[PDB]
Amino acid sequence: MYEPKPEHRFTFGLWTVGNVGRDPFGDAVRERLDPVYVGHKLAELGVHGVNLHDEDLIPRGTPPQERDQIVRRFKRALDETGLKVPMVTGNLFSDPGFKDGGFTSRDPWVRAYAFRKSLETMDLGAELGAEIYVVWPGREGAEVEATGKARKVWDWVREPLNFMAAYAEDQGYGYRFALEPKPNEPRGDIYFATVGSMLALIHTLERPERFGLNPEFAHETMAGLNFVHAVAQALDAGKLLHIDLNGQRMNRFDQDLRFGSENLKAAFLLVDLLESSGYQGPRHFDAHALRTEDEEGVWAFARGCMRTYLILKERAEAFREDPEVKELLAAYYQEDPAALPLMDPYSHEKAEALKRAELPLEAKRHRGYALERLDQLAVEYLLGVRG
């Protein structure tokens, strides 16, 4: 009764369910899955679509003849299944060429390489129907500041982002560009570390209207930052073009846990934010199954992401309809209209009225906002003691 439908727009990257379970201290625990195989499986599960990096589909150093049989056979599978490919993104982190940056490498040959790799992935994307192009700057950071490179990297990424947007409009591609921040890892620090950082950068590009955000839950949470506040800002800027959903314990390596598995309350209020905002983009699960899992466990991971989202959606809906909740929100959003005309846009006499206004300070000093009761109500709904 919490079954995924295409209107839900649940997507999985090829690399999410396809993760072989290697980590920095361990071998692969799983077999590599064929891309055609995972298209059929995700279709069975009720997924709207599948995302990919260029290297997810066509591994580095594949002759163009073989490159084309691969893409041919993948498109047939998408045709057979009705799966979309909403989002693509160039792998700019794996090649050793990128060891000190893709776009922010000091070597212009390497920045060129990063470039061309991006253009070619844009071309593959269009060949597959992709509408969103994601830029994750995973290799764009430093551990050695003595270089002074932090002064230079802003221009360097403006340049290809601008070049990428111009190439797209030249080719008649319809890409919106979605920028994905991460505070660290694989670099000691990544330059474009926050949602706000990527939001500010956008306003300096040449075609800003083409550019938005792909915030990821684990990325912000890695640094102990509030993901719900960050996504609200992106929404208020009109720049939420894509969202990456998963779970994470604060202040350590990127876990990419199943969605909702660790921070139920944050996931709750996030699903609430997205749904009630009328966000219409993909809900991507950028997560992998635990390393303790076999292939069966991978598909239980996939099913569990989508099911947990649907449970919280229904639950946040019922929470907002509760009479006591409505009564509580009404009382604290209470606005005295005598207060309101001291407010809003500037006028000389509004300032003078304000400075002479007799404010009800002791009344506002004593005021309780009843957020403890409101917060207990939400926890009891989350617990299903009220739902």
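Residue numbers here begin at 1 and follow the sequence given.
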Using only C-alpha atoms and the B-factors in the entry, which stretch averages higher, 238-246 or 279-287?
279-287
Higher mean Cα B-factor in the deposited model: 370-378 or 9-17?
9-17
In this crystal structure's PDB entry, the residue among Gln171, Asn226, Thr89, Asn162 with the greatest CA B factor is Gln171
Highest Cα temperature factor in the entry, among the options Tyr167, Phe301, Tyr309, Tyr113: which one is it?
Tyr167
Is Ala330 in the lowest, middle or highest third of its chain when residues are ranked by C-alpha B-factor?
lowest
Third of the chain's Cα B-factor distribution that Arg72 belongs to, per the entry:
lowest
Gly39 CA temperature factor, ranked by third within the chain:
middle
Taking the C-alpha B-factors as the PDB entry records them, is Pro137 in the lowest, middle or highest third of its chain?
highest
Divide the modelled residues of the chain into thirds by Cα B-factor and specify which third, lowest, middle or highest, holds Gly101.
lowest
